[PDB]
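All values below were derived from every heavy atom in this structure, side-chain atoms included, with hydrogens, water molecules and symmetry-related copies excluded. Residue numbers count from 1 along this sequence.
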Amino acid sequence: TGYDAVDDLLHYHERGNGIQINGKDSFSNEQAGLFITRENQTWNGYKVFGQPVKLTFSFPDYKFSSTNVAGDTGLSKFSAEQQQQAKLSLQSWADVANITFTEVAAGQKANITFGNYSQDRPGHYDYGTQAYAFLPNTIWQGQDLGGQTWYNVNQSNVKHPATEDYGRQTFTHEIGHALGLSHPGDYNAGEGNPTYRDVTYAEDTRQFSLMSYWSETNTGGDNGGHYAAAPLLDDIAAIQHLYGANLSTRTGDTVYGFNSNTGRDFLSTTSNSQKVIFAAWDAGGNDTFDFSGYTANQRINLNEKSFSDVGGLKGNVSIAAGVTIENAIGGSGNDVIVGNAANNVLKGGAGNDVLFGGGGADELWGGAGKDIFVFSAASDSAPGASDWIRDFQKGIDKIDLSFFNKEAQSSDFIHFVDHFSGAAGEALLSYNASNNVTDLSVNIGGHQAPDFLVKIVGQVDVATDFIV
Ligand SMILES: [Ca+2]
Ligand SMILES: [Ca+2]
Ligand SMILES: [Ca+2]
Ligand SMILES: [Ca+2]
Ligand SMILES: [Ca+2]
Ligand SMILES: [Ca+2]
Ligand SMILES: [Ca+2]
Ligand SMILES: [Zn+2]
């Protein structure tokens with residue numbers, strides 16, 4: 001049924017509680033955020049949480065034969081492509097928390113620096129390391145190391161971060177450390193041969209945080225060989241904990257995915273081939289998840305902290321805590337689109353879709369194909385704030401009310417009548433041929449008047465259009 005698909009999506013990646021996943025404890029978004037910031041180091045001071053911060057960053061002009069604090073040498077300044085990408089990564093962090101970054105001169109003192117290294121000792125190239133950074137307040141010999149970030153330029157991803165997504169992800173990850181974030185676990189277990197097996201909580205994967213080193217597949221995600229460029233779900237909780245949430249970000253009407261007005265490479269796509277991976281942070285306005293350009297079967301969940309399967313990937317799109325996304329457009333595959341308590345505009349597109357409005361006055365468009373519109377509560381479409389099904393096709397589309405008889409464990413709870421009598425479960429269809437509108441009224445609660453009313457554009461055939 002339509003309802004089963006909805007139910008499945010709503011319980012996708014449940015966490016916290018007393019859940020155990022890979023035999024490991026499950027942490028909520030909030031718990032994971034606190035754990036990632038367990039060192040309690042911030043640019044505002046030790047254990048100084050929630051205050052905005054102003055930071056400067058630069059690309060020092062390092063000497064090849066110079067040695068850095070960690071002992072690496074064969075140093076060099078970030079190239080133009082590296083600089084470009086590092087700036088995009090900084091911005092991705094500035095979008096979600098109250099952090100202001102200002103670029104200063106190669107010469108001057110900066111809070112955050114970027115540099116490349118290539119040798120672990122003079123005249124000896126290192127092909128085994130990737131990058132490292134120091135957390136704020138890292139004091140060495142009366143010198144603060146905090147803010148320094150270094151990368152192995154012998155690695156092609158580091159050298160060409162504009163074409164190698166692991167490279168862009170690395171930049172974002174190192175900057176994360178430079179801001180006060182740690183890996184989601186110490187994995188101090190056994191020795192120095194860490195595995196996902198070594199994590200503290202199940203959500204320590206690249207599905208939830210780019211601070212993690214473990215594959216998103218460990219938790220059931222699949223990024224299709226790609227790497228997220230910007231902070232993920234748990235990364236946002238962590239950084240907002242440190243510097244507060246950025247309430248100024250994308251406060252107007254924003255479109256994510258296709259026909260994007262975000263101005264963010266990681267929040268936009270121009271073709272079926274360009275896959276999106278992101279955790280959405282948005283502070284206000286009427287927004288839309290536009291995934292109309294994808295051909296795969298997608299599952300879109302507009303609730304806060306939930307995961308979506310988009311563009312052929314699995315659990316690659318999520319919504320941060322405290323964000324309300326209002327509209328969703330599916331593609332040409334067979335989709336499942338679940339809304340939230342606000343008014344939503346849900347469009348299935350071609351394919352056989354399942355649409356669920358949830359609370360509020362929603363506008364549902366099945367598009368082409370055989371669509372199913374599901375309801376599970378009288379409050380889903382209360383008289384006064386009714387949902388509208390704008391393109392119902394009789395003998396083709398369906399209205400799924402299966403939840404009610406299922407719950408009542410009775411085949412006769414929901415039953416169609418010619419006139420209301422005040423009995424609970426009574427359902428009535430009123431068709432207006434002059435205006436092409438059918439009213440579906442149901443007395444779920446059993447009151448003097450129906451507590452559920454859906455307005456449908458088109459004719460509905462009671463003999464074939466319902467799932468009860
Ligand atoms: Ca917005
Ligand atoms: Ca919104
Ligand atoms: Ca579709
Ligand atoms: Ca459709
Ligand atoms: Ca809704
Ligand atoms: Ca249809
Ligand atoms: Ca609704
Ligand atoms: Zn790291």
Side-chain angles (χ1 to χ4, degrees), residues 36 39 41 43 55-90 93 101 103-188 191-194 206 210-214 227 229:
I36 287 166
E39 291 304 331
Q41 295 292 334
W43 280 97
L55 293 174
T56 58
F57 70 89
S58 66
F59 306 105
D61 198 352
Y62 296 113
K63 289 282 171 165
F64 192 88
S65 36
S66 288
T67 306
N68 76 187
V69 83
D72 296 313
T73 184
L75 309 189
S76 56
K77 198 186 158 69
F78 256 26
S79 65
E81 170 183 4
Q82 288 182 119
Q83 290 174 217
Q84 264 266 179
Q85 298 288 307
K87 276 165 160 169
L88 292 186
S89 298
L90 290 157
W93 283 116
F101 292 107
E103 187 182 359
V104 304
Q108 17 234 214
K109 230 121 202 187
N111 291 130
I112 295 181
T113 55
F114 294 83
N116 293 124
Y117 72 87
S118 70
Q119 303 181 165
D120 58 339
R121 24 173 178 110
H124 176 80
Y125 290 90
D126 168 16
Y127 296 102
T129 62
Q130 167 76 13
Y132 51 89
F134 304 97
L135 265 78
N137 316 141
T138 296
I139 320 283
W140 197 208
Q141 326 208 189
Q143 326 223 230
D144 187 12
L145 297 196
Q148 274 186 224
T149 81
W150 294 101
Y151 317 78
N152 190 158
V153 76
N154 292 138
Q155 310 297 173
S156 56
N157 77 88
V158 169
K159 183 174 218 235
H160 293 298
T163 55
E164 266 185 82
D165 55 12
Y166 188 67
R168 176 67 174 277
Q169 170 166 300
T170 294
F171 285 9
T172 309
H173 173 115
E174 296 311 326
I175 291 175
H177 291 306
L179 295 175
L181 312 198
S182 300
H183 297 140
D186 298 311
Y187 330 121
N188 62 227
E191 168 258 50
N193 267 155
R206 279 189 160 112
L210 44 59
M211 297 311 301
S212 177
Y213 277 121
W214 317 126
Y227 295 90

Return yes if a side-chain donor-acceptor contact under 3.5 Å exists between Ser118 and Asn154, otherwise no. no

To the nearest 0.5 Å, tell me how far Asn152 CG sits from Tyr132 OH. 9.0 Å

Please find the pair of heavy atoms, one from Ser76 and one from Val153, that lie closest to each other, and give the distance. OG-CG1, 4.4 Å

Go through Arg206 and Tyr227 one step at a time and tell me if the side chain to side chain contact (heavy atoms under 4.5 Å, CB included) criterion holds. CA-CA 8 Å; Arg206 279 189 160 112; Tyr227 295 90; 4.1 Å; yes

When rounded to the nearest 0.5 Å, the distance separating CD of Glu39 from OG of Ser182 is 4.5 Å

State, without any angle test, whether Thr129 and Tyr117 hold a side-chain donor-acceptor pair at a distance under 3.5 Å. yes

For a quick test of reading the model, state the closest non-hydrogen atom pair linking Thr172 to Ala229 and the distance between them. OG1-O, 2.7 Å

Heavy-atom side-chain proximity of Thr73 to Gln119 below 4.5 angstrom: yes

Just checking, any donor-acceptor pair under 3.5 angstrom between side chains of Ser156 and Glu164? yes

Donor-acceptor contact below 3.5 Å, side chain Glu191 vs main chain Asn193: yes

Pair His177, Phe134 - check ring pair (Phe, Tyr, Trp, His ring centres under 6.0 Å), show working. CA-CA 6 Å; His177 291 306; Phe134 304 97; 9.8 Å; no

Check whether any side-chain heavy atom of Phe78 sits under 4.5 Å from a side-chain heavy atom of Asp61, and report yes or no. no

Between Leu75 and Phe64, is any pair of side-chain heavy atoms under 4.5 Å apart? no

Give a yes or no on whether the ring-centroid distance for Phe171 and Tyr151 is below 6.0 angstrom. yes

Closest non-hydrogen atoms of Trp43 and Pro136, given as atom of the first, atom of the second and distance, are NE1-CG, 3.4 Å

Assert yes or no for the condition that the ring centre distance of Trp150 to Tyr62 is strictly below 6.0 Å. yes

So, for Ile175 and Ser89, which heavy atoms are closest and what is the spacing to 0.1 Å? CD1-CB, 3.7 Å

Per side chain to side chain donor-acceptor pair (under 3.5 Å), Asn116 is matched among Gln155, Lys77, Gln82 by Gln82

If you compare all heavy atoms of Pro184 against all heavy atoms of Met211, which two are closest, and at what distance to 0.1 Å? CD-O, 3.4 Å

Can you measure from OG1 (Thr163) to NE2 (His160) and round to the nearest 0.5 angstrom? 6.5 Å

For the residue pair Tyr127 / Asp120, report whether a side-chain donor-acceptor contact shorter than 3.5 Å exists. no

I'd like to know whether CD of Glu103 has more than 12 heavy-atom contacts from other residues, nucleotides or ligands below 6.0 angstrom. yes

How many angstroms lie between CG in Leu181 and CG in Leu135, if you round to the nearest 0.5 Å? 7.5 Å

Residue pair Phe57 / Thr113, side-chain heavy-atom distance below 4.5 Å: no

Any non-hydrogen side-chain atom of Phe101 less than 4.5 Å from a side-chain atom of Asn111? no

Which pair of heavy atoms, one from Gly176 and one from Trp93, lies closest together, and at what distance? CA-CZ2, 3.5 Å

If the plane angle is over 60° it's perpendicular, under 30° parallel, otherwise tilted; pick one for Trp214 and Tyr187. perpendicular

OG1 of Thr67 to CZ of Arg121: how many Å apart, nearest 0.5 Å? 13.0 Å

For the residue pair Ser58 / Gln108, report whether a side-chain donor-acceptor contact shorter than 3.5 Å exists. no

Using the rule given for side-chain hydrogen bond (donor to acceptor under 3.5 Å, both in side chains), can you reason through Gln130 versus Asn157, listing the C-alpha separation, both sets of side-chain angles and the distance that settles it, and then say yes or no? CA-CA 9 Å; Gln130 167 76 13; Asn157 77 88; 2.7 Å; yes

For the aromatic rings, using the six-membered ring if either is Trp, is the centroid distance between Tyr213 and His173 under 6.0 Å? yes

Using only atom types and a distance under 3.5 Å, with no angle test, would you say the side chain of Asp144 pairs donor to acceptor with the backbone of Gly146? yes

